[PDB]
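In what follows, every chain begins at residue 1, and chains take the letters A, B, ... in the order their sequences are listed. Note that these values count all heavy atoms, side chains included, but never hydrogens, waters or copies made by symmetry.
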Amino acid sequence: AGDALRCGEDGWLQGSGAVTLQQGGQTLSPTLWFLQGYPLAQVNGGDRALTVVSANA
Amino acid sequence: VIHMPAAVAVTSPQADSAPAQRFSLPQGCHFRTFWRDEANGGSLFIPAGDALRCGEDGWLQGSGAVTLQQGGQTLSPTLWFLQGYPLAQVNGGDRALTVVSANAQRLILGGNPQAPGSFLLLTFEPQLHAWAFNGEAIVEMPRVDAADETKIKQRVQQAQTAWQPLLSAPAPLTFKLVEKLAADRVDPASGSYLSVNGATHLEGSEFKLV
Amino acid sequence: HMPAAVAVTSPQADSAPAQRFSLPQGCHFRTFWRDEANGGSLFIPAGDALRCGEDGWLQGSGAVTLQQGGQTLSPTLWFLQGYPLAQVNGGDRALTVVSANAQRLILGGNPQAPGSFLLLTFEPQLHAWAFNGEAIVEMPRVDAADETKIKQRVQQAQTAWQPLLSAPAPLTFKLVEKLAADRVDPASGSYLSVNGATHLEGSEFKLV
Amino acid sequence: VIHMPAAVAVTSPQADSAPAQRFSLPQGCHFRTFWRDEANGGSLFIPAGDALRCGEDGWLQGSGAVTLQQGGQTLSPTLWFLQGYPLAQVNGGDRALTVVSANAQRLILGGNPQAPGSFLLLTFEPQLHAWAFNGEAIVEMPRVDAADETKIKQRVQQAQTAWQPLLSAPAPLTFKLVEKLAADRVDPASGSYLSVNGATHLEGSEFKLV
Amino acid sequence: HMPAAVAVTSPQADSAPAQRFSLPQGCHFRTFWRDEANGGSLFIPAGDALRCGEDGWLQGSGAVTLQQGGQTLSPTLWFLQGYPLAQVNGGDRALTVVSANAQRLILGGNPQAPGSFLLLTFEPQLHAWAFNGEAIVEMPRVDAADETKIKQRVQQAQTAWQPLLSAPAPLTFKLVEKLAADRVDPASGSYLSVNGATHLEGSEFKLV
């Protein structure tokens, strides 16, 4: 919880915050930037109108 | 012909005296328990809400769920706090109980006014970082009085009637009789001269295939 | 609604006849004994309730002694038409052996519930057929669309058969449109099962 | 620019049609479930009392504890009976629900009036001889309507608000969206075109040692 | 009541001095490097916030590059008196290095909570001391009979130290009557532990 991440009017979570992931004892805390709802790591475009050209698994 | 139960020597070794660690909460208070750091990679999560709440004694007070996570395993016992100690499978709400003794091995619960001279025995469960009730109980009673079968059945049903409500399930309460509680040793019932085991009633229909 | 039909898939039962075992007073008893070099013994005690009836078959209920490989068993066996049966005693009534081979025996002719049968499996260690809880009810799938008719027919078989029983098991019923009396499994084709309970009441002591 | 979720073919095989076995109780009624006799040596014990009781429909009715014992292991789920089926982790008391489908593999729960076109999915657990709810839910919804992000969030929060109370814990409800429920196949959500996962809120204090 | 005294059992700390590493602009930095044929590399980036101070020590906070065995680490290190420290940055205040050897470093001189210290363990892979959550509070056992005095002293150390921290761990405090500054374990003798929490709030997604 906090202001780093928040819901926008587009229906997607927005912002750039730490997200915690735990699996079998391990813990990762990457900073994720949400672009059109997709969580991205190691890149932050803030409010730039970047385009997701293609996203899959 | 009076048959007295034979005397049993107190043989158990001295209990460990190491203090419990403290766990400070946001609103100032402590609970206390033991947690031998064994690279277990464990977490204890006190939820926020009503069930638990700091008290004017300096201790976390109340009873509510508590989430323990270790090695991908998640347990969620309901813990009740007494003088800051977390206890599973006993809730002495409304009642003012004493912690006779507490260490990394066991906790002796006393102070029930409706059956003095009886004590619950709780065993430390590192998986919960808490003391848990598994049915074991202790009745202090002179061997001379246990010569009388009817005194036995009186004291032991006194204990049962006083401690039963505080317990989650009407459980098989097991009662060891002892001359003196040995609160200083690992087994406080060391020197127990007799054990009385209770039943749980069963009724209904059992299905089975072959 | 009608339960689905089920194809009889069990193969034809073995057809060997039981061997006869002749007792000195004239009668015979019939069971199977696969020669297994077990060197087993079958002892029928004399002077008890096991006696030669006028019909030529050993009759009555009593303990039979089986010794094989050092071990000794002595079930109580009731003989119906010369067949040793365990865990069932029909004395008062007059039941019939529908079918009997080295694998299983079917028990019918209970007049307080026709179209129902007990199944008993051959126990080679007892050289006898034993009842273990398995009953078959004959009833058309059309009838079994009515729940109340399933309850009626099951409760009729239960009452009619429970007095004669002593298996350490409750009765369970396989519903068939016809008994496959010539198969290994005579309930091959059963379109439904009803399992009954054993009632319990008492005190349990467990020490942890 | 309308983006429609792509269509997913219904591929799962036909569900098994084998009937459930019946289990008759003293007062006449049945419950039904599956129990592949695997020499498991298992027992099912319906206690006597109020929680369970035969009903005028010919089925065991109500919700209460049930003791399962197998290979020295003892489980005690609270089961709720619906049309004679035992179900764990869902109690639709006060509500009139439908069993869309039931077999040895899964049970589809329907009939919630406050969110039509949604179905719970329960999976058969042989350890309990019962169907259990683990969060999986199904929303029937035309792909064309799921082009609209706001219709998705409407139907899915309609489902959540209708089915939430019937559930034991406010659980992470997972919702698969499908054009038609495939009640005839092992996976009734075969051909689901989208999944929506809910969260569980967390708040309070976590302790941890190193 | 008074908590029981505890004997200092930890052995005397190793006494080797840290090696010096000379930078071209004059300054030195001091850490340990057990020759382990690791052929490790220590790269101090230039032109950043890592600079030679007038006192002769490398100063500031910035990323240091460690390459050993193909793998590369680049922690952010803050240099206090020439010592590389990880997960703690005291810049605003003026802290002192009570003790430093190849095994551990003690961090004192926090004026908003005297008699408290941070412990930092040597991490040979970083060639640097790292803070992991361990604080020591100096307080006499007599004082620790008062619960309110334990809370006071612990909450003073918490507030005074938490701004300077970035360990992925909450603070936990070992209460000693005196810091065993010359032992391997400087809390050898601690008569009580107080563990603090990390607060959580947010949404959890788990897929089963």
Is [X] reaching over with its side chain to a backbone N or O of [Y], donor-acceptor style, under 3.5 angstrom?
X: D:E140; Y: D:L181; answer: yes
X: C:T159; Y: C:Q156; answer: yes
X: C:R30; Y: C:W57; answer: no
X: D:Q70; Y: D:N40; answer: yes
X: C:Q25; Y: C:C52; answer: no
X: D:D37; Y: D:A39; answer: no
X: C:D48; Y: C:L50; answer: no
X: D:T98; Y: D:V100; answer: no

In terms of relative ring orientation, are C:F21 and C:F29 parallel, tilted or perpendicular, with 30° and 60° separating the classes?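 Judged by the thresholds at 30° and 60°, the geometry between C:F21 and C:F29 is parallel.
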
With side-chain hydrogen bond (donor to acceptor under 3.5 Å, both in side chains) as the criterion, how do C:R93 and C:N110 come out once you've worked through the C-alpha distance, each side chain's angles and the decisive distance to 0.1 Å? CA-CA 7 Å; C:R93 291 104 174 281; C:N110 188 336; 2.9 Å; yes

Can you find a heavy atom in the side chain of [X] that is under 4.5 Å from one in the side chain of [Y]?
X: C:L119; Y: C:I136; result: yes
X: C:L118; Y: C:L165; result: yes
X: C:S99; Y: C:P186; result: no
X: C:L66; Y: C:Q71; result: no
X: D:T33; Y: D:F81; result: no
X: D:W131; Y: D:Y85; result: yes
X: C:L85; Y: C:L77; result: no
X: C:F173; Y: C:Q158; result: yes

For [X] and [Y], work out which heavy atoms get closest and say how close.
X: C:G196; Y: C:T172; answer: N-CG2, 4.1 Å
X: C:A160; Y: C:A113; answer: CB-CB, 3.4 Å
X: D:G110; Y: D:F119; answer: CA-CD2, 3.9 Å
X: B:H201; Y: C:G202; answer: ND1-O, 3.5 Å
X: C:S116; Y: C:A157; answer: CB-CB, 4.0 Å
X: D:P19; Y: D:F34; answer: O-CE2, 3.4 Å

Taking atom types as modelled, find out whether C:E123 and C:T121 have a side-chain donor-acceptor pair closer than 3.5 angstrom.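 Yes - a donor-acceptor pair under 3.5 Å links their side chains.
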
Sequence neighbours excluded and cut-off under 3.5 Å, please list the side-chain donor-acceptor pairs for residues 9-17 of chain D, or say none.
unit_1 : atom_1 : unit_2 : atom_2 : d
D:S12  : OG     : D:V186 : N      : 3.3
D:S12  : OG     : D:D187 : N      : 3.1
D:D16  : OD1    : D:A18  : N      : 2.9

Measuring from atom [atom1] of [X] to atom [atom2] of [Y], what distance do you get when rounded to the nearest 0.5 angstrom?
X: D:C29; Y: C:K151; atom1: SG; atom2: NZ; result: 7.5 Å
X: B:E206; Y: D:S43; atom1: CD; atom2: OG; result: 5.0 Å
X: C:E201; Y: B:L202; atom1: CD; atom2: CG; result: 10.0 Å
X: C:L107; Y: C:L80; atom1: CG; atom2: CG; result: 6.5 Å
X: C:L171; Y: C:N132; atom1: CG; atom2: CG; result: 11.5 Å
X: D:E38; Y: B:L209; atom1: CD; atom2: CG; result: 11.0 Å

Please evaluate residues D:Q21 and C:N195 with respect to the criterion side chain to side chain contact (heavy atoms under 4.5 Å, CB included), reporting the C-alpha separation (whole Å), side-chain torsions for both, the decisive distance (0.1 Å), and the verdict. CA-CA 8 Å; D:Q21 286 185 65; C:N195 303 283; 2.8 Å; yes

Identify whether the distance between the nearest side-chain nitrogen and carboxylate oxygen of C:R104 and C:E134 falls below 4.0 Å.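 Between C:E134 and C:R104 there is no salt bridge, as every charged N stays at least 4.0 Å from the carboxylate O atoms.
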
May I ask you to check whether over 12 heavy atoms, not counting those of D:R36, lie within 6.0 Å of atom CZ?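 No.
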
Side chain to side chain contact (heavy atoms under 4.5 Å, CB included) for D:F133 and D:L166? Distances and angles first, verdict last. CA-CA 11 Å; D:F133 187 58; D:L166 291 76; over 6 Å; no

Passes side chain to side chain contact (heavy atoms under 4.5 Å, CB included), C:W33 versus C:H127? Steps please. CA-CA 6 Å; C:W33 194 316; C:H127 293 109; 3.1 Å; yes

D:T74/D:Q69 under side-chain hydrogen bond (donor to acceptor under 3.5 Å, both in side chains): CA gap, chis, key distance, verdict: CA-CA 4 Å; D:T74 282; D:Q69 302 188 293; 3.0 Å; yes

Could you walk me through whether D:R22 and C:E147 pass the side chain to side chain contact (heavy atoms under 4.5 Å, CB included) test, one step at a time? CA-CA 11 Å; D:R22 311 297 199 81; C:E147 290 299 311; 2.8 Å; yes

